[PDB]
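Asks: Quick one: the structure is below, and I'll ask about it shortly.
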Amino acid sequence: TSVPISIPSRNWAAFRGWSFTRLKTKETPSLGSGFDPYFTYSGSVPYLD
Amino acid sequence: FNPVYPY
Amino acid sequence: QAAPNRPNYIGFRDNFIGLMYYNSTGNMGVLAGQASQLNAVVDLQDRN
Amino acid sequence: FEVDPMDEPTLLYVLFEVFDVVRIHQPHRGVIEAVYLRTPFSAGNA
Amino acid sequence: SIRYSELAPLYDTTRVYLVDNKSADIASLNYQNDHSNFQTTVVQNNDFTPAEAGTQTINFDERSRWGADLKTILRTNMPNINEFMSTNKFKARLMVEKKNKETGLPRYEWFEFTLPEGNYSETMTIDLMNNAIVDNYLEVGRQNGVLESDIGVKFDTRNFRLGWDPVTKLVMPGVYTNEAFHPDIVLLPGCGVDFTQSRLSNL
Amino acid sequence: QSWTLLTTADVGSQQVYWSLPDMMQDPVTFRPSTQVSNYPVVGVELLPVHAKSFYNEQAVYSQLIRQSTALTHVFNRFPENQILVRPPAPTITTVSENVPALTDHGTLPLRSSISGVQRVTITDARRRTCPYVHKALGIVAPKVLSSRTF
C-alpha cells in the first residue's frame, strides 16, 4: 500500500518536474540484454508505449 | 644362430 | 455446445516500437564518421 | 508515494524529468562530434 | 583532471576497475552474456544503485590525450577434450563391409567420431579415441561383415620394431615391447585419419 | 618424415584477445566495430594453461592396475592381438594446469569520456568467445600522454 523511495543525494539542478505514473511488471519490458528471457506478455508495454 | 635375446 | 475462439488480432506496434533496439547501451548505434572513432550516439538506459 | 493494493507487483514509473540536450557540431567533413548533458543526473559533457 | 560529475575532480591519475561482478544489479544487461562477454559498471559510487550509475560518464579533460596502462586478470576452467577447442572431433575412413556385392571389394567410409568432453590424461584420451573406433565397429561393421582384424585405425604408442632382427627380418621376442614411444597411428589398406577440422593432432 | 612433424603431446596454439570497446580507443588499424567478432583487440595473451609434466617410471604397471581396478575390459577389447591391445602409457606425461594470468599490457590511449556501463570481452583466436573463462578483470590506470591543444 505504500512505496517509500529515496533518490541518492545528488546535485538537483534544473529539474523541471516530477511526473509519476504506474505500470505492471508482467508488462514491464526488461530492456537491455536483448531477449529478456522473461517479458512473457504482448500487452501494450506501457513503458515503451 | 645367436639370437641375442635371452628367451 | 460450441462457440467461437476469441479474437486475438496480432500485429506490429505504433511507430514500430521494439524493432530498433533504441535505448540499451548494449546493442546500440553509431551514426559516426566512417573515418573516425566516436559514435555520435550514446543513449543511457534511462531515456526511453 | 502511496498506492492501493493490487495483486500483481506493479512498478511505480516516476519520470524525474530534466534538460537532456545534445549539440552535434560537424567540423572537417567527415567527423560529427556529439556533446550531450542531462541536468538532474548528469552525462557525457562529452 | 578525471572529472566525475558527482564527486570532486581527482586530478592526476586514478584506476578504473572492470570486474567480473555484474551480479548485483547489472545483470539485466548480461542476461545472454558469459564471464567473458560481460558488461561491468566502472562507476563505484556507493550511493547509487549499480544501475542508477552506469549512466554517468567518467570524463577526463579534453585538452589532453589520455593513456592508460591496462593490467588484466583471467582464470580458466577449460579442459582437454572439450568441443569448443575442436578437440573431441576427428574423422576416420574405416571399413563398413567386406566384399560389397556390387564390387566384391571392401567398402570404406568417412565417419566423424566424438569423444566425451572433459579433461583427460594423454593416455585416457588415446584410449577414448580407440573406444570410438571400436564403438562404431559395433554398429556399422559388426552387422555388415568385418573381422576385428579389419579395424583399420588404431592409435598406438609402441615402437613396433623393438626386437626386429635384420638377419631374420621379424621381431624375435614373440611380442611387441609394449613401451610407449609416441602417439603414432596404425592404419590398414584403405583406412585413414583426417584431422582437418580437428585438433587432436596436437594432443 | 617430410610432411609430418613428430612433436610432444600437448595442451595452446590459440591466443586470447581482450576487447574493451568502450574504454580504449582502437589500436592503429582496428576499425571501431560493435560486433563481438570485430571488436578492436586491446591486449593479446596466451591461454592460462601450461602443461605441467610428470614422470612415473612404471607407467604401464599403473595402466594394468587401472584395468583390474576398472572392473571392465572396455579399454582393452582385444587383450591378445599384439596390434589391437591397449597401447602402453608413456612414462613422461604432460598434464594441463590452468594457472591465473595476471598480465600487464603497456599503455594504450583512452577515450575522453568513459561511459558507466562498460563492455569487456575475451575472444579466442577465431574471435569467438571462450566459454571456459570464469574470471576477467581489467584494471586501467589513466595517464596524460600529450596535449591536443596549444
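Each protein sequence line maps, in turn, to chains Z, X, D, U, E and L. Quick note: the first sequence uses the authors' numbering, first residue 634, plus one each step. Quick note: the second sequence uses the authors' numbering, first residue 11, plus one each step. Quick note: the third sequence uses the authors' numbering, first residue 294, plus one each step. Quick note: the fourth sequence uses the authors' numbering, first residue 878, plus one each step. Quick note: the fifth sequence uses the authors' numbering, first residue 52, plus one each step. Letter by letter, the sixth sequence follows residues 357 to 367, 370 to 508 of the authors' numbering. C-beta atoms are modelled at their ideal positions from N, C-alpha and C, and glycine is treated no differently.
(1) Tell me whether E:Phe162 sits in a helix, a strand or coil according to DSSP, three-state version.
(2) So for E:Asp245, helix, strand or coil by DSSP?
(3) Going by C-alpha distance, which of E:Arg193, E:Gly243, E:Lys150 and E:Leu221 is nearest E:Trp161?
(4) Excluding the 5 residues preceding and the 5 following E:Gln90 in the sequence, name in chain order all residues of the same chain whose CB lies nearer than 7 Å to its CB.
(5) Closer than 9 Å by beta-carbon distance: list the chain X residues that pair up with E:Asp216, in chain order.
(6) With a cut-off of 9 Å, does the C-beta of Z:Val678 fall near any C-beta of chain U?
(7) Given that L:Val386 touches chain E, what residues does it touch there, using C-beta distances under 9 Å?
(8) Please tell me whether U:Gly921 has its Cβ less than 9 Å away from any Cβ of chain L.
(9) Beta strand (DSSP E) containing E:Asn110: first to last residue?
(10) Return the residue from the list Z:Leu664, Z:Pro679, Z:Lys657 and Z:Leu681 that minimises the CA-CA distance to U:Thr887.
(11) Quick check: what's the CA-CA separation for L:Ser471 versus E:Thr106?
(12) At a threshold of 8 Å, does D:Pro297 count as lining the ligand FAD (C-beta to nearest heavy atom)?
(13) Going by DSSP, what residue range makes up the beta strand (DSSP E) through L:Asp462?
(14) Spell out the partners DSSP gives E:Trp215 in its beta bridges.
(15) Would you say E:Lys205 and L:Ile441 are within 9 Å of each other, going by their C-beta atoms?
(16) When you compare the segment 143-151 of chain E with the segment 165-175 of chain E, are there three or more beta-carbon pairs, one atom per stretch, that lie closer than 8 Å?
(17) Apart from the five residues on each side of it in sequence, which residues of its chain come closer than 8 Å, Cβ to Cβ, to D:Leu324?
(18) To which residues of the same chain is E:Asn139 closer than 7 Å at the C-beta, ignoring the five residues directly before and after it?
(19) Taking 8 Å as the cut-off, does the segment 452-467 of chain L touch the segment 418-428 of chain L (at least 3 CB pairs, one atom from each stretch)?
(20) Can you pull the chain D residues whose beta carbon is under 8 Å from the beta carbon of Z:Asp682, in chain order?
(21) In the structure shown, what three-state DSSP assignment does U:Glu910 receive?
(22) Just the chain C side, please: which residues come within less than 9 Å of U:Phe918 by C-beta, in chain order?
(23) So what's Z:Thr661 in DSSP terms, helix, strand or just coil?
(24) Tell whether a beta-carbon distance below 9 Å holds between L:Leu495 and E:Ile124.
(25) At what residue ranges does the segment 428-501 of chain L contain a whole run of the beta strand (DSSP E), taking only runs of 3 or more?
(26) Quick one: which chain D residues come within Cβ less than 9 Å of Z:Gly667?
(27) Residue range of the alpha helix (DSSP H) that E:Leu179 falls in?
(28) Listed in chain order, which residues of the segment 466-479 of chain L have Cβ atoms closer than 7 Å to some Cβ of chain U?
(29) If you draw a straight line from the C-alpha of E:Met129 to the C-alpha of E:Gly225, how long is it?
(30) Run through DSSP, which three-state label would E:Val147 get?
(31) Roughly how many whole angstroms lie between the Cα atoms of L:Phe436 and E:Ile202?
(32) Spell out a yes or no on whether the segment 205-218 of chain E and the segment 108-121 of chain E are touching, meaning 3 or more CB-CB pairs, one atom from each, closer than 8 Å.
(33) Shorter than 9 Å from the beta carbon of Z:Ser652 to some beta carbon of chain E?
(34) Can you find a C-beta in chain L that's less than 9 Å from the C-beta of E:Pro167?
(35) Rounded to whole angstroms, what's the CA-CA distance from E:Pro240 to E:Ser200? Just pull it up for me.
(36) Below 9 Å between beta carbons: does that hold for L:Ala447 and E:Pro234?
Replies: Here's the rundown:
(1) Reduced to three states, the DSSP call for E:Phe162 is strand.
(2) E:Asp245: strand per DSSP, three-state reduction.
(3) Distance from the Cα of E:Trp161 is smallest, within the candidate group E:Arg193, E:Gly243, E:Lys150 and E:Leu221, for E:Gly243.
(4) Taken in chain order, the residues that qualify are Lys73, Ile77, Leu80, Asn81 and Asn84.
(5) Neighbourhood of E:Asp216 in chain X, by CB distance below 9 Å: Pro13, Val14 and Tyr15, in chain order.
(6) Chain U, which has no Cβ nearer than 9 Å to the Cβ of Z:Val678, makes this no.
(7) Residues of chain E passing the Cβ test: none, with the nearest at roughly 14 Å.
(8) Using a Cβ-Cβ cut-off of 9 Å, U:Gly921 counts as an interface residue toward chain L, since at least one Cβ of chain L sits closer than that to its own.
(9) Per DSSP, E:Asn110 belongs to the beta strand (DSSP E) from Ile109 to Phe111.
(10) Among Z:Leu664, Z:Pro679, Z:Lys657 and Z:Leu681, the Cα nearest to that of U:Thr887 belongs to Z:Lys657.
(11) Answer to the nearest angstrom: the Cα atoms are 12 Å apart.
(12) Here there are no bound small molecules, and the ligand FAD is not part of this structure.
(13) Per DSSP, L:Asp462 belongs to the beta strand (DSSP E) from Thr461 to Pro467.
(14) E:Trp215 pairs with E:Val222.
(15) L:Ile441 is positioned such that its CB atom lies closer than 9 Å to that of E:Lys205.
(16) These segments do not touch.
(17) Annotation for D:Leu324: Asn332, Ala333 and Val334 place their beta carbon closer than 8 Å to its own, counting only its chain and skipping 5 residues before and after.
(18) Closer than 7 Å at the Cβ level, and outside the excluded window around E:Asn139, lie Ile132, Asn133, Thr165, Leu166 and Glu168.
(19) The segment 418-428 of chain L and the segment 452-467 of chain L do not touch, with fewer than 3 CB-CB distances between them shorter than 8 Å.
(20) Per Cβ cutoff of 8 Å: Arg306, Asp307 and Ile310.
(21) When DSSP states are grouped into helix, strand and coil, U:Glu910 belongs to the coil group.
(22) The structure shown contains no chain C; its protein chains are Z, X, D, U, E and L.
(23) When secondary structure is reduced to three states using DSSP, Z:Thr661 falls in the coil class, being assigned neither helix nor strand.
(24) Taking the C-beta atoms as reference points, E:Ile124 is found nearer than 9 Å to L:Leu495.
(25) Runs of the beta strand (DSSP E) inside the segment 428-501 of chain L: 450-456, 461-467, 475-481 and 495-498.
(26) Contacts between Z:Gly667 and chain D, judged by CB atoms closer than 9 Å, involve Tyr314, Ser317, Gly319 and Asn320 in chain order.
(27) Start and end: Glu173 to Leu179.
(28) Against chain U - using a Cβ distance shorter than 7 Å - the residues of the segment 466-479 of chain L are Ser470 and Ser471.
(29) Annotation: E:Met129 to E:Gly225 spans about 43 Å, alpha carbon to alpha carbon.
(30) Strand, per DSSP.
(31) The straight-line gap from Cα to Cα measures roughly 11 Å.
(32) Touching, no, given that fewer than three Cβ pairs across the two stretches are closer than 8 Å.
(33) Taking Cβ atoms only, chain E never reaches closer than 9 Å to Z:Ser652, which makes this a no.
(34) Contact of E:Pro167 with chain L is not assigned, every C-beta pair being separated by 9 Å or more.
(35) If I take the Cα positions, the gap works out to 12 Å.
(36) Going by C-beta atoms, L:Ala447 is not nearer than 9 Å to E:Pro234.
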